[PDB]
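# Chains, contacts and geometry: an overview
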Amino acid sequence: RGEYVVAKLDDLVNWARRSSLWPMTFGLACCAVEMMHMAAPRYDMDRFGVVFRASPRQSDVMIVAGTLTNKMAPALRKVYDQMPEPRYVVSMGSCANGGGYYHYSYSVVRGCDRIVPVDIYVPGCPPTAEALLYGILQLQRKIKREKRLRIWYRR
Amino acid sequence: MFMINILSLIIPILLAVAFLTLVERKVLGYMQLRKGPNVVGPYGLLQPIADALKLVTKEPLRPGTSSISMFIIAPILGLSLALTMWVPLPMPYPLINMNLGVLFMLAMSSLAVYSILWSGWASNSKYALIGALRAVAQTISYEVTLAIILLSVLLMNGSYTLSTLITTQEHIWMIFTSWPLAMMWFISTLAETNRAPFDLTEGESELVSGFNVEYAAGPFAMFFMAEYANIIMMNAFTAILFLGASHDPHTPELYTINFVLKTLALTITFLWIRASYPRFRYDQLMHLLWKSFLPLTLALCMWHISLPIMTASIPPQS
Amino acid sequence: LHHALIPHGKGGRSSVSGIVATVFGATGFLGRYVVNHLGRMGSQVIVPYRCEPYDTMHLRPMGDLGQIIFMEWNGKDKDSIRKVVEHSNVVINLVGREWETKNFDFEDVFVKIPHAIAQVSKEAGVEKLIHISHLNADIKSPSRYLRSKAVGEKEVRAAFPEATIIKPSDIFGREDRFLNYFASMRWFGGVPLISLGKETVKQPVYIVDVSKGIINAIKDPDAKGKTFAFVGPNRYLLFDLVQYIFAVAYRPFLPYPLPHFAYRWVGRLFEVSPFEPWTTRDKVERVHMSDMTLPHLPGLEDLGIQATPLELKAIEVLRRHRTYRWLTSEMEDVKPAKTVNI
Amino acid sequence: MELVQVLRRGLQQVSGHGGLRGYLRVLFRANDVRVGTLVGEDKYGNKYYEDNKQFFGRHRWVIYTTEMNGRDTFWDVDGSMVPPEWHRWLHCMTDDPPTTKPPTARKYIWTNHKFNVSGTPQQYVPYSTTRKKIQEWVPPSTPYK
Amino acid sequence: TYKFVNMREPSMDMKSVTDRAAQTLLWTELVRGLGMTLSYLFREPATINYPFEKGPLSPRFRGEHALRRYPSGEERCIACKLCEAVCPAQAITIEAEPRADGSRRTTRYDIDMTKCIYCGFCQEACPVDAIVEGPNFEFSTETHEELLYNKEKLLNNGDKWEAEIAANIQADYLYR
Amino acid sequence: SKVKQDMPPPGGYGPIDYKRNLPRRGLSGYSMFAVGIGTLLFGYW
Ligand SMILES: COC1=C(OC)C(=O)C(C/C=C(\C)CC/C=C(\C)CC/C=C(\C)CC/C=C(\C)CC/C=C(/C)CC/C=C(/C)CC/C=C(\C)CC/C=C(\C)CC/C=C(\C)CCC=C(C)C)=C(C)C1=O
Ligand SMILES: NC(=O)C1=CN([C@@H]2O[C@H](COP(=O)(O)OP(=O)(O)OC[C@H]3O[C@@H](n4cnc5c(N)ncnc54)[C@H](OP(=O)(O)O)[C@@H]3O)[C@@H](O)[C@H]2O)C=CC1
Ligand code: SF4
Ligand code: SF4
Ligand code: SF4
């Protein structure tokens, strides 16, 4: 039946997307250091299929790791625009989540969500590299639960 | 079944290129105390298929300032030439037994730079144009020594046909006769394939992604196809030239196994050097050759010009 | 008003406005824009959706955290509509489709679904329901879209007597399928106007104008029961409109008269596609109807919003379509297309 | 000599994991084939192994349960599937497993360790936990006027 | 005391210069560089098998905030507002009101995880060990609002991680 | 009882190496050149 065929196509495409999540080298602050430590041998992003890649044209997930300030927010929004779809935003740290320590400052965006649609909120100051890996795996399951071709079949 | 042979020289080559990415991300990662891709199935044997699927279903955006026509013709040029330059290789019996295989492969290798050229210029970017010019300089500098070293090495072959190399290295590897040139040749194979430590056309640290910066999804995967097919073909050519192997006319499978093993070892050394060095700085990789490689290779060219004559060892042309 | 619906703040993101609303079909064109305005003033939006949640991602960053809430709903399921409209002051109906899918015809998305929305909204106890139709809505129009829209308007009026009915003429914007349609028609050779397109008069209205009109109608205490007609300020001849569209895009213009039945065949051929149907018979028809002037119906100016002429807000839509050659030319380079006087 | 023993213990790898079928089960699920002493098991089904010979970091590990709280976890697993009592032992925060040293029991402690409830309709929605501050006048009902 | 890190003049004996020329022509330190990476590939990788293998922690680890309670069942919190008065990020909001029994307890105790800096200052300031930073750190959420913790959510965390938190405090209270 | 805190062992910790230990290895330049030239001569013959 057509539903089974589109189901299997959904599983294949979602598996590819979740098993080759290519992130972006967009570290901003101390939350980037853990972003490096999970790339360090101990946790090693590489075994999970995730390999760092600059040039947003060839990346899927943006881990906004660090404080997002007013002077940088236009750059972050523009760079998010460069990403071809599908795209995902993982927010690392309290600063990139809702403001963190400098939530009441004059030149800090009170949450990265106000600029891009954040897909996964990873809490911490900074989050432990295990916690960030957990957030990435949660995003992976999110991609696994996508129903693109199913919705197309029931257009 | 000539079509059968042509398809058998394309699909296996593409599969080998796909698994080259996995073996690179594993060998490199094990250099760096990591484990490399491990999750997808057993030992990551599905990563090439996974990212292959992603890159051909991810949205292939076209920049608003691009030049559409060349932006599209460049990936086709790159992949077509990378695949075509596999046909004259004397894997037991070459598919296309050309009388001038070396010159043909030199011509197509020189053409392959034009893919980089047109892709960089048509993308309308500062980084892309920078990378295109670095490619210009790198490939011209290294092409001069490529041609001279090929002449010097093949002076003992007697002609430019690739198959006779097997006859030439019947009793001894050619590397024992031209080990200096071989070193230089290896370095040239590192640079013409635009790999480390000469991978300045991409320059991930300083040029973000170089000439692939505006290349996304399918065209990017295709330029990667061209690059890795060129890597494997260059290592195969180096194995054919210097590290010859025994060839039983009745069982070509023995020569197939030996040749494949030598190509694998040479490629593994490519990934080895990729994960053990800093990166060159533009002019240095030029000043390395125009001031250290070119004079030495000229002297070795004169030496190998004279050598058959002084020892009465001029190889036959037929 | 309830103790939590009393307006508070200064109109910013984190300000209680009291416009708790449900916008059916928010995932598309004006559905996005309206939400933005609803998000800007600080109103809790109960945006329902049937598509993949990823497609609702651009819906996320226009409201203060906790304001925008997404829910799954199905058109042929009264329980879903009841769940989404149970706690809401206003229910804005923006459900529509320029084509007829296999599981949803024009009547389903313009009569049946609006009927269910209006009936369930009346049962729940909402105070305002803004239904959206087309200006050229007629029970005898050849295109099934406008005919279905007319019967849907009558049904919605019957079910919700005080429902505000807004009849926009033609929305042009960054994603409009009206200016981008003409711009994208460059691929298929020339632009094939029917009878050279010298008999059709179109009155396009800016998207921001329509969304602001919806917001004002919600805020206006007299929009109940009324039937507004949202139209642009000028009336363009169709040939002159395409002339302006291709001049602002600086693409070559190749007009080509085309017999009506041949264009119907072309529309069928494009309808065959099992994906986004670039052109339908309804589509090629509608571009040939003139915009029926309805002076009796109240307009945007009554709501207090001045229509923005297409010339000022045409560079936004067509700057993407220009090649690298005329990608930076200013807005005043191309002279306004001559307009037949209203 | 060590080559032969090395080839041999690769067969103890398949023998320990209940034969070939269990060998591919653990290989495809937990991506490892290494064996270890069964330190314990929790009420949810996760099996808890330890091997002190492994270097610090992989001396203890989990094979997650196939099913927990009405959710198939044969293929998808996460770090929140660890019950609180054993999370101490797993993360090398103590050398006392719950089997030997069981945590103190109290009435308010849960009896079913819910995993990360994000995504599922059992999410957490923030709301004000305080009552009203200003009351209303509640006008009288008699028309009077 | 200071040392000259790069003050070595190379010897100019014929042997020394021959060795330098050999290293230049026949790349020698380059071969050493290759050998080092060969030696480490043959070495054991350091990657752990997350989530089946977890990196080591300590009982002092700061993670998800949680409200504890006495063994009897009564909450430890008494709304003294020391934690709210000491939080560097002002992430705690407390509203207190005398309960029906008479004990002073928070009618609202909200901690904003999106604004918290996980310093642990609250757990030091608390005179009754009511608020603690739990051992949990894998509590990422798909939406922002789920990170705005209420009193009920914090009490649920306290009731869920109580087995771990009691042991962690038991193994660390003597240091404090 | 007595005070207990983290302390070095009674005899103190062992020595800690800090100096550079880059080992010296490989043949002399004369030997390397001789091996290269001999290989060239054998290949030539
Ligand atoms: C001082 O303060 C600082 C900060 O302070 C705040 C900062 O923030 C930052 C900034 C922060 C960062 C940079 C973050 C930290 C980043 C890092 C540490 C980087 C870590 C990187 C890694 C762990 C990964 C490195 C990558 C490696 C080792 C290898 C990568 C190589 C690859 C090959 C990857 C794979 C990619 C690709 C494209 C290959 C896949 C493609 C295929 C297999 C295609 C196959 C296709 C087929 C088979 C097709 C087959 C077709 C067939 C058969 C037929 C077809 C024909 C038809 C007709 C259809 C810095 C730097 C900083 O310094
Ligand atoms: N020029 C114009 O376009 C004019 C339009 N209008 C009316 O405005 C409304 C919105 O227009 P616009 O935003 O441009 O349209 P779009 O096609 O861009 O968006 C239509 C919306 O309706 C939803 N929808 C359609 N069919 C169904 C269904 N069967 N069940 C559930 N949801 C459904 C879509 O969901 P999804 O995104 O998942 O498909 C989407 O949210 C329509 O009623 C239209 O007729 C009025 C005057 C002029
Ligand atoms: S959340 Fe904490 S660790 Fe992350 S950037 Fe902000 S202050 Fe630094
Ligand atoms: S640990 Fe968290 S809640 Fe406690 S004071 Fe620090 S930031 Fe505030
Ligand atoms: S410091 Fe402790 S007792 Fe005081 S208000 Fe905070 S949680 Fe309650």
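- The PDB entry lists chain D under the name NADH dehydrogenase [ubiquinone] 1 alpha subcomplex subunit 12, with Sus scrofa as the source organism.
- Recorded under Sequence similarities (unreviewed entry), the UniProt text for chain D is reproduced unchanged: "Belongs to the complex I NDUFA12 subunit family."
- Per UniProt, chain D has the following entry under Subcellular location (unreviewed entry): "Mitochondrion inner membrane".

- By the naming in the PDB entry, chain C goes by NADH:ubiquinone oxidoreductase subunit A9 and is assigned to Sus scrofa.
- For the record of chain C, the UniProt heading Subunit (unreviewed entry) holds the text "Complex I is composed of 45 different subunits. This a component of the hydrophobic protein fraction. Interacts with BLOC1S1. Interacts with SLC2A4. Interacts with CLOCK. Interacts with RAB5IF."
- For the record of chain C, the UniProt heading Cofactor (unreviewed entry) holds the text "FAD".

## A look at the overall build of chain C
- If you tally the helices and strands in chain C, you get 11 helices and 12 strands.
- The globule rule puts the C-alpha radius of gyration for 342 residues at 20 Å, and the 20 Å found for chain C is close to it.
- By its C-alpha atoms, chain C is 60 × 40 × 40 Å across when sized along the principal axes.
- The buried share of chain C, reckoned over its 342 residues, is 54%.
- When contacts within chain C are restricted to residue pairs at least 6 apart in sequence, those whose partners lie at least 24 apart make up 77%.
- Element-wise, carbon and sulfur atoms account for 58% of the exposed surface of chain C, whose accessible area totals about 15200 Å².

## Structural notes on the pairing of strand β2 (residues 47–50) of chain D
All names here are of chain D.
- In this structure, strand β1 (residues 37–41) lies alongside β2, joined through 4 bridges in antiparallel fashion. By the bridge assignment, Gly-40 is partnered in β2 with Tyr-48.
- Examined bridge by bridge, β2 and strand β3 (residues 60–63) share 4 bridges and lie antiparallel to one another. Bridge pairing in β3 places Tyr-49 opposite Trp-61.

## Considering the pairing of strand β3 (residues 104–112) of chain E
Residue and element names in this part refer to chain E.
- For β3, the buried fraction is high: 8 of the 9 residues fall into the buried class.
- What sits between the antiparallel neighbours strand β2 (residues 92–98) and β3 is a turn of 5 residues, in which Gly-102 has the positive phi angle 135 degrees.
- Direction of pairing for β3 relative to strand β5 (residues 148–149): antiparallel, over a ladder of 2 bridges. Residue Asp-112 lies in a different strand from β5, and its bridge partner there is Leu-148.

## A closer look at the packing of helix α5 (residues 101–122) of chain B against helix α6 (residues 126–154) of chain B
Residue and element names in this part refer to chain B.
- In the contact formed by α5 and α6, the axes pass within 9 Å of each other and the chain directions differ by 175 degrees. The orientation of α5 relative to α6 falls into the category roughly antiparallel. Between α5 and α6, the residues in contact are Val-102, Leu-106, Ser-109, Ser-110, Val-113, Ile-116, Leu-117, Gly-120 and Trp-121 and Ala-128, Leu-129, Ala-132, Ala-135, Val-136, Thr-139, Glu-143, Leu-146, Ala-147, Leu-150 and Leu-154, respectively.
- Here the residues of the contact of α5 with α6 sort into 15 nonpolar, 4 polar and 1 charged.

## Some words on the site of ligand 3
Residue and element names in this part refer to chain A.
- As a matter of local geometry, ligand 3 sits amid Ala-29, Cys-30, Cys-31, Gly-66, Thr-67, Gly-93, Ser-94, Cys-95, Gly-124, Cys-125 and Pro-126.
- Counting residues per element, the shell around ligand 3 draws most heavily on helix α4 (residues 93–97), at 3 residues.
- A breakdown of the residues in the shell around ligand 3 according to their chemical character gives 6 nonpolar, 5 polar and no charged.

## Here's the deal with a positive patch on the surface
- Where like charges cluster on the molecular surface, the positive patch consists of E:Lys15, E:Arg32, F:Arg24 and F:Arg25.
- Inspection of the secondary structure puts F:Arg24 in the segment before α1 (29–44).
- For F:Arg24, a relative accessible area of 83% gives the class exposed.

## Considering the interface of chain E and chain D
- If you look at the interface, chain E gives 49 residues, while chain D gives 48 residues.
- Our count for the chain E to chain D interface comes out at 3 salt bridges.
- The closest approach of N and O atoms between D:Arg34 and E:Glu53, which form a salt bridge, is 2.5 Å.
- Of all elements in the fold, only β2, β3, β5, α5 (151–160) and α6 (162–170) of chain E reach the threshold of two or more residues within the side of chain E that touches chain D.
- Sort the elements by how many residues they give to the side of chain E that touches chain D and α5(E) lands first, with 6 residues.

## Thoughts on α6(B)
- A rise of 1.5 Å per residue sets the reference length of α6(B), with its 29 residues, at 42 Å; its end C-alpha atoms lie 41 Å apart and thus fit the reference within 8%.
- For α6(B), the N-terminal cap is B:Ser125; the gap from its side-chain oxygen to the backbone nitrogen of B:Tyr127 is 3.5 Å.

## Here we look at the packing of aromatic side chains
- Inspection of every chain in the model, using the stated rule, returns 42 aromatic pairs over all chains.
- With centroids separated by 6.4 Å and ring planes inclined at 40 degrees, the aromatic side chains of B:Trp303 and F:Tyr44 adopt a geometry described as tilted. Within this pair, whereas B:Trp303 is found in helix α11 (residues 283–311), its partner F:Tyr44 is found in helix α1, the two belonging to separate chains.
- One aromatic cluster in this structure is built from A:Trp22, B:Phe220, B:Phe224 and B:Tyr228.
- Between D:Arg29 and the ring centre of D:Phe74, over which it is positioned, the NZ or CZ distance is 5.4 Å.
- In this structure, D:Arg71 is placed above the aromatic ring of D:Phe115, and the distance from its NZ or CZ to the ring centre is 4.1 Å.

## Considerations on the sheet that holds β2(E)
Residue and element names in this part refer to chain E.
- Across the sheet, 3 strands lie side by side as β2-β3-β5; this open sheet has antiparallel pairing. Edge positions in the sheet fall to β2 and β5, since each has one partner strand and no second.
- Packing of α5 onto the sheet brings it into contact with β3 and β5, and relative to β3 it is tilted by some 90 degrees.

Rules used throughout
- Residues numbered from 1 in each chain as written, not as in the entry; some residues may be left out.
- Chains lettered and ligands numbered in written order.
- Part of a larger assembly, values for the part shown.
- Heavy atoms only, no water.
- UniProt positions renumbered as here; feature names shortened; annotations may be inferred.
- Helix = DSSP H or I, 4+ residues; strand = E, 2+ residues; numbered from the N terminus.
- Rg over C-alpha atoms; globule rule 2.2 N^0.38 Å.
- Buried < 20%, exposed > 50% of the residue type's maximum accessible area, 1.4 Å probe, protein only.
- Contact = heavy atoms within 4.5 Å.
- Areas by Shrake-Rupley, 256 points an atom, 1.4 Å probe, with all protein chains shown as cover.
- Pairing = 2+ DSSP bridges.
- Axes fitted to C-alpha atoms, helices over the stretch in contact; angles between N-to-C directions.
- Parallel < 35°, antiparallel > 145°, perpendicular 65-115°, else oblique.
- Nonpolar A, V, L, I, M, F, W, Y, C, P; charged D, E, K, R; others polar.
- Near = heavy atom within 4 Å.
- Patch = residues over 30% accessible without salt bridge, like charges linked within 9 Å, V, L, I, M, F, W, Y side chains within 5 Å.
- Salt bridge = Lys/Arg side-chain N within 4 Å of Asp/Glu carboxyl O.
- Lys, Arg positive; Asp, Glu negative; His and termini not counted.
- Charge placed at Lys NZ, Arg CZ, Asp CG, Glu CD.
- Expected span 1.5 Å × (residues − 1).
- Polar contact = N/O pair within 3.5 Å; in protein donor to acceptor, adjacent residues only side chain to side chain.
- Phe/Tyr/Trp six-rings, centres within 6.5 Å; stacked < 30°, edge-to-face > 60°.
- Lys NZ or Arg CZ within 6 Å of the ring centre and 35° of its normal.

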